[PDB]
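Please read the structure below before turning to the comments.
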Amino acid sequence: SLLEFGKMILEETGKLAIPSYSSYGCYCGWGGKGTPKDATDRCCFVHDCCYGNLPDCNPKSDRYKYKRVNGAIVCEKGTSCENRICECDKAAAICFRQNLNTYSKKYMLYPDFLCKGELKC
Ligand SMILES: CC(=O)Nc1ccc(O)cc1
């Protein structure tokens, strides 16, 4: 669910999901198109593609369980959807951590006309 993705992100990066990652670039937050602006935005793009592989799952509202084995994120067993949603979110959180160095404030609240492009998952 969206509440635990928020908490996973905070734990990984030290930044609050809202607003750091809810209006970033073209795909972080609320995103539908264009070319991802930078690495962090590519993380959001991949995250969206990952959810897109689960048409009969409800990522925003379905809750999963996970634990931290010394920093490593371990998804605990639940329903097939919960397991797969959890793996999508874990990947995104790690992707965010990996690209914190290039995170840029100029992409926050990024305008929708500047999202130009095409890209396939
Ligand atoms: C803050 C937060 O949970 N953001 C978020 C979650 C899922 C998604 O596909 C894009 C963004």
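By convention here, the chains of the structure tokens are called A, B, ... in the order presented, each chain's residues are numbered starting at 1, and ligands are numbered starting at 1 in the order presented.
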Using only C-alpha atoms and all ligand atoms, what does the table of chain A residues within 8 Å of ligand 1 look like, with each row giving the shortest atom pair and its distance in Å to one decimal, sorted by chain and ascending number, as CSV?
residue,atom,partner,partner_atom_place_in_ligand_line,distance
A:2,CA,ligand 1,3 (O),4.8
A:3,CA,ligand 1,3 (O),6.6
A:4,CA,ligand 1,3 (O),7.6
A:5,CA,ligand 1,3 (O),5.0
A:6,CA,ligand 1,3 (O),4.5
A:9,CA,ligand 1,1 (C),7.8
A:16,CA,ligand 1,1 (C),7.7
A:17,CA,ligand 1,1 (C),3.9
A:18,CA,ligand 1,1 (C),5.4
A:19,CA,ligand 1,1 (C),7.4
A:20,CA,ligand 1,1 (C),7.8
A:21,CA,ligand 1,1 (C),5.6
A:22,CA,ligand 1,1 (C),5.1
A:27,CA,ligand 1,10 (C),7.3
A:28,CA,ligand 1,11 (C),5.3
A:29,CA,ligand 1,11 (C),4.2
A:30,CA,ligand 1,10 (C),6.7
A:31,CA,ligand 1,10 (C),7.9
A:44,CA,ligand 1,10 (C),6.2
A:47,CA,ligand 1,9 (O),5.7
A:48,CA,ligand 1,9 (O),4.9
A:51,CA,ligand 1,9 (O),7.0
A:59,CA,ligand 1,7 (C),7.8
A:60,CA,ligand 1,7 (C),7.0
A:89,CA,ligand 1,7 (C),7.6
Based on the selection just made, write N, CA and C atoms of those residues as an mmCIF file, in the first residue's frame.
data_model
loop_
_atom_site.group_PDB
_atom_site.id
_atom_site.type_symbol
_atom_site.label_atom_id
_atom_site.label_comp_id
_atom_site.auth_asym_id
_atom_site.auth_seq_id
_atom_site.Cartn_x
_atom_site.Cartn_y
_atom_site.Cartn_z
ATOM 1 N N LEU A 2 0.192 2.363 -0.327
ATOM 2 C CA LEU A 2 0.854 3.627 -0.509
ATOM 3 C C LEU A 2 1.466 4.187 0.774
ATOM 4 N N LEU A 3 0.951 3.749 1.919
ATOM 5 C CA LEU A 3 1.428 4.212 3.219
ATOM 6 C C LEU A 3 2.716 3.504 3.577
ATOM 7 N N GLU A 4 2.822 2.264 3.201
ATOM 8 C CA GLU A 4 4.068 1.622 3.522
ATOM 9 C C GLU A 4 5.150 1.900 2.514
ATOM 10 N N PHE A 5 4.803 2.248 1.291
ATOM 11 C CA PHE A 5 5.832 2.643 0.300
ATOM 12 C C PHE A 5 6.439 3.929 0.748
ATOM 13 N N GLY A 6 5.593 4.791 1.307
ATOM 14 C CA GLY A 6 6.002 6.060 1.881
ATOM 15 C C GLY A 6 6.990 5.861 3.009
ATOM 16 N N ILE A 9 10.399 4.402 1.694
ATOM 17 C CA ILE A 9 11.176 5.483 1.098
ATOM 18 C C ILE A 9 11.867 6.328 2.174
ATOM 19 N N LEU A 16 10.890 12.602 2.962
ATOM 20 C CA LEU A 16 9.491 12.302 3.050
ATOM 21 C C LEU A 16 8.964 12.108 1.646
ATOM 22 N N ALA A 17 8.163 11.037 1.477
ATOM 23 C CA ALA A 17 7.581 10.668 0.185
ATOM 24 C C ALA A 17 6.798 11.825 -0.419
ATOM 25 N N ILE A 18 5.975 12.454 0.449
ATOM 26 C CA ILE A 18 5.334 13.732 0.158
ATOM 27 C C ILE A 18 6.114 14.748 0.975
ATOM 28 N N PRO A 19 6.709 15.747 0.343
ATOM 29 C CA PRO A 19 6.610 16.004 -1.094
ATOM 30 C C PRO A 19 7.799 15.619 -1.966
ATOM 31 N N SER A 20 8.837 15.019 -1.418
ATOM 32 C CA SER A 20 10.039 14.786 -2.209
ATOM 33 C C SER A 20 9.866 13.962 -3.486
ATOM 34 N N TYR A 21 9.003 12.961 -3.432
ATOM 35 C CA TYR A 21 8.861 12.046 -4.554
ATOM 36 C C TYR A 21 7.419 12.014 -5.096
ATOM 37 N N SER A 22 6.590 12.968 -4.701
ATOM 38 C CA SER A 22 5.210 12.965 -5.193
ATOM 39 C C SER A 22 4.932 13.942 -6.345
ATOM 40 N N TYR A 27 7.352 11.147 -13.942
ATOM 41 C CA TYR A 27 6.782 9.890 -13.457
ATOM 42 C C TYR A 27 6.723 9.685 -11.947
ATOM 43 N N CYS A 28 7.309 10.581 -11.199
ATOM 44 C CA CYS A 28 7.235 10.441 -9.792
ATOM 45 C C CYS A 28 5.972 11.151 -9.306
ATOM 46 N N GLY A 29 5.078 10.414 -8.678
ATOM 47 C CA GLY A 29 3.943 11.063 -8.068
ATOM 48 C C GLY A 29 2.656 10.759 -8.765
ATOM 49 N N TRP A 30 2.496 11.441 -9.886
ATOM 50 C CA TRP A 30 1.328 11.461 -10.727
ATOM 51 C C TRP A 30 2.000 11.546 -12.093
ATOM 52 N N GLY A 31 2.081 10.441 -12.820
ATOM 53 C CA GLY A 31 2.826 10.475 -14.066
ATOM 54 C C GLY A 31 2.275 9.596 -15.158
ATOM 55 N N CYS A 44 11.021 5.981 -10.838
ATOM 56 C CA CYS A 44 9.578 6.098 -10.790
ATOM 57 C C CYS A 44 8.963 5.491 -12.038
ATOM 58 N N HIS A 47 9.153 1.865 -11.572
ATOM 59 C CA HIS A 47 8.160 1.527 -10.548
ATOM 60 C C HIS A 47 6.729 1.435 -11.132
ATOM 61 N N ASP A 48 6.377 2.402 -11.989
ATOM 62 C CA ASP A 48 5.067 2.395 -12.623
ATOM 63 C C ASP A 48 4.900 1.195 -13.569
ATOM 64 N N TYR A 51 4.162 -1.924 -11.434
ATOM 65 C CA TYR A 51 2.740 -2.011 -11.055
ATOM 66 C C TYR A 51 1.904 -2.424 -12.290
ATOM 67 N N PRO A 59 -2.129 -2.049 -5.828
ATOM 68 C CA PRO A 59 -0.943 -1.487 -5.171
ATOM 69 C C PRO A 59 -1.124 -0.359 -4.182
ATOM 70 N N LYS A 60 -1.948 0.629 -4.494
ATOM 71 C CA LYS A 60 -2.141 1.752 -3.571
ATOM 72 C C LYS A 60 -2.836 1.381 -2.268
ATOM 73 N N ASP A 89 7.977 -2.173 -4.849
ATOM 74 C CA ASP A 89 8.262 -1.031 -3.954
ATOM 75 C C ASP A 89 9.684 -1.086 -3.420
#
For this session: Return the single residue from A:61, A:70, A:56, A:93 that is closest to residue 7 in chain A, with distances computed using only C-alpha atoms.
Result: A:93
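Near residue 87 in chain A, within a cut-off of 10 Å and counting only C-alpha atoms, sit the residues residues 47, 50, 51, 66, 73, 74, 75, 81, 82 and 92 of chain A, with same-chain residues fewer than 5 positions away left out.
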For this session: Could you give me the residues within range 38-114 of chain A that DSSP places in alpha helix (DSSP H), as a PyMOL selection string?
Result: chain A and resi 39-52+80-98
Saved selection, atoms kept: N, CA, C and O atoms, as a compact mmCIF listing (two decimals), in the first residue's frame:
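The resulting file, part23.txt, is shown below:
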# COMPACT_ATOMS: atom_id res chain seq x y z
N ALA A 39 17.85 9.97 -13.41
CA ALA A 39 17.86 8.63 -12.76
C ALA A 39 16.70 8.38 -11.77
O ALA A 39 16.01 7.34 -11.86
N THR A 40 16.48 9.31 -10.85
CA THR A 40 15.41 9.19 -9.86
C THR A 40 14.06 9.05 -10.53
O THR A 40 13.25 8.28 -10.09
N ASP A 41 13.84 9.84 -11.57
CA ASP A 41 12.60 9.79 -12.36
C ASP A 41 12.56 8.46 -13.15
O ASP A 41 11.50 7.95 -13.46
N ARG A 42 13.71 7.89 -13.46
CA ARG A 42 13.66 6.61 -14.16
C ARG A 42 13.24 5.57 -13.15
O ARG A 42 12.57 4.61 -13.50
N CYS A 43 13.63 5.75 -11.89
CA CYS A 43 13.17 4.82 -10.86
C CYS A 43 11.65 4.81 -10.80
O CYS A 43 11.08 3.76 -10.64
N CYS A 44 11.02 5.98 -10.84
CA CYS A 44 9.58 6.10 -10.79
C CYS A 44 8.96 5.49 -12.04
O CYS A 44 7.92 4.84 -11.98
N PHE A 45 9.62 5.69 -13.18
CA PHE A 45 9.12 5.09 -14.40
C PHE A 45 9.09 3.57 -14.26
O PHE A 45 8.10 2.94 -14.58
N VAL A 46 10.21 3.00 -13.82
CA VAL A 46 10.30 1.55 -13.68
C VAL A 46 9.28 1.08 -12.62
O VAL A 46 8.60 0.06 -12.78
N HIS A 47 9.15 1.86 -11.57
CA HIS A 47 8.16 1.53 -10.55
C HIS A 47 6.73 1.43 -11.13
O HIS A 47 5.96 0.52 -10.79
N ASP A 48 6.38 2.40 -11.99
CA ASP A 48 5.07 2.40 -12.62
C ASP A 48 4.90 1.19 -13.57
O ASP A 48 3.85 0.61 -13.64
N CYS A 49 5.95 0.85 -14.30
CA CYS A 49 5.92 -0.30 -15.20
C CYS A 49 5.74 -1.57 -14.36
O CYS A 49 5.00 -2.47 -14.72
N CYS A 50 6.40 -1.61 -13.21
CA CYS A 50 6.30 -2.77 -12.36
C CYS A 50 4.83 -2.97 -11.91
O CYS A 50 4.33 -4.06 -12.03
N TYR A 51 4.16 -1.92 -11.43
CA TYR A 51 2.74 -2.01 -11.05
C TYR A 51 1.90 -2.42 -12.29
O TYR A 51 0.93 -3.17 -12.19
N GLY A 52 2.29 -1.91 -13.45
CA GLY A 52 1.60 -2.17 -14.69
C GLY A 52 1.60 -3.62 -15.10
O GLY A 52 0.74 -4.04 -15.85
N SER A 80 -0.41 -13.45 -3.46
CA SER A 80 0.41 -13.33 -4.63
C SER A 80 0.58 -11.84 -4.99
O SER A 80 1.67 -11.43 -5.32
N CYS A 81 -0.49 -11.05 -4.92
CA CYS A 81 -0.43 -9.61 -5.23
C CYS A 81 0.46 -8.81 -4.26
O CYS A 81 1.26 -7.96 -4.67
N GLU A 82 0.27 -9.06 -2.98
CA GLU A 82 1.05 -8.43 -1.93
C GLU A 82 2.56 -8.72 -2.10
O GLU A 82 3.42 -7.83 -1.89
N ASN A 83 2.89 -9.97 -2.48
CA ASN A 83 4.29 -10.31 -2.63
C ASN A 83 4.94 -9.55 -3.77
O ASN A 83 6.05 -9.05 -3.65
N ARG A 84 4.20 -9.49 -4.87
CA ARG A 84 4.66 -8.82 -6.06
C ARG A 84 4.65 -7.30 -5.93
O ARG A 84 5.57 -6.64 -6.40
N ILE A 85 3.64 -6.74 -5.28
CA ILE A 85 3.63 -5.30 -5.02
C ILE A 85 4.86 -4.96 -4.16
O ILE A 85 5.65 -4.07 -4.48
N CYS A 86 5.01 -5.69 -3.04
CA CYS A 86 6.17 -5.47 -2.20
C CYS A 86 7.51 -5.47 -2.97
O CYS A 86 8.36 -4.63 -2.68
N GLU A 87 7.72 -6.43 -3.89
CA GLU A 87 8.95 -6.48 -4.67
C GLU A 87 9.10 -5.24 -5.57
O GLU A 87 10.21 -4.74 -5.70
N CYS A 88 8.00 -4.73 -6.17
CA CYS A 88 8.03 -3.47 -6.92
C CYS A 88 8.49 -2.26 -6.07
O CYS A 88 9.30 -1.42 -6.54
N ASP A 89 7.98 -2.17 -4.85
CA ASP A 89 8.26 -1.03 -3.95
C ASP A 89 9.68 -1.09 -3.42
O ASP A 89 10.35 -0.07 -3.36
N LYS A 90 10.11 -2.27 -2.98
CA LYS A 90 11.47 -2.49 -2.53
C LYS A 90 12.49 -2.03 -3.58
O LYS A 90 13.46 -1.34 -3.25
N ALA A 91 12.27 -2.44 -4.83
CA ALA A 91 13.13 -2.06 -5.96
C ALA A 91 13.17 -0.55 -6.12
O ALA A 91 14.24 0.03 -6.30
N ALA A 92 12.01 0.09 -6.09
CA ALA A 92 11.95 1.54 -6.18
C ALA A 92 12.73 2.23 -5.05
O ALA A 92 13.49 3.15 -5.30
N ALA A 93 12.51 1.79 -3.81
CA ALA A 93 13.23 2.37 -2.66
C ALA A 93 14.77 2.25 -2.80
O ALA A 93 15.51 3.17 -2.42
N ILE A 94 15.23 1.10 -3.27
CA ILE A 94 16.65 0.88 -3.51
C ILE A 94 17.09 1.76 -4.68
O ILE A 94 18.13 2.41 -4.61
N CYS A 95 16.31 1.79 -5.74
CA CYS A 95 16.65 2.67 -6.85
C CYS A 95 16.80 4.12 -6.33
O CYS A 95 17.77 4.80 -6.66
N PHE A 96 15.84 4.60 -5.53
CA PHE A 96 15.96 5.94 -4.95
C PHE A 96 17.28 6.12 -4.16
O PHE A 96 18.01 7.09 -4.35
N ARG A 97 17.57 5.19 -3.27
CA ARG A 97 18.78 5.26 -2.46
C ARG A 97 20.00 5.39 -3.35
O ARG A 97 20.85 6.23 -3.09
N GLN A 98 20.07 4.56 -4.41
CA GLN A 98 21.21 4.54 -5.31
C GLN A 98 21.44 5.84 -6.06
O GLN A 98 22.55 6.16 -6.44
Exercise. Within 10 Å of residue 112 in chain A, counting only C-alpha atoms, which residues qualify if same-chain residues fewer than 6 places away don't, as a ChimeraX atom specification?
Worked result: /A:25-26,30-34
For this session: List every residue of chain A that DSSP, applied to the backbone, labels as strand (DSSP E or B), and write the result as a list in words.
Result: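 In chain A, DSSP puts these residues in strand (DSSP E or B): residues 24, 28, 66, 67, 68, 69, 70, 72, 73, 74, 75 and 108 of chain A.
Distances from A:58, A:35, A:99, A:1 to residue 115 in chain A were compared using only C-alpha atoms, and the smallest one belongs to A:35.
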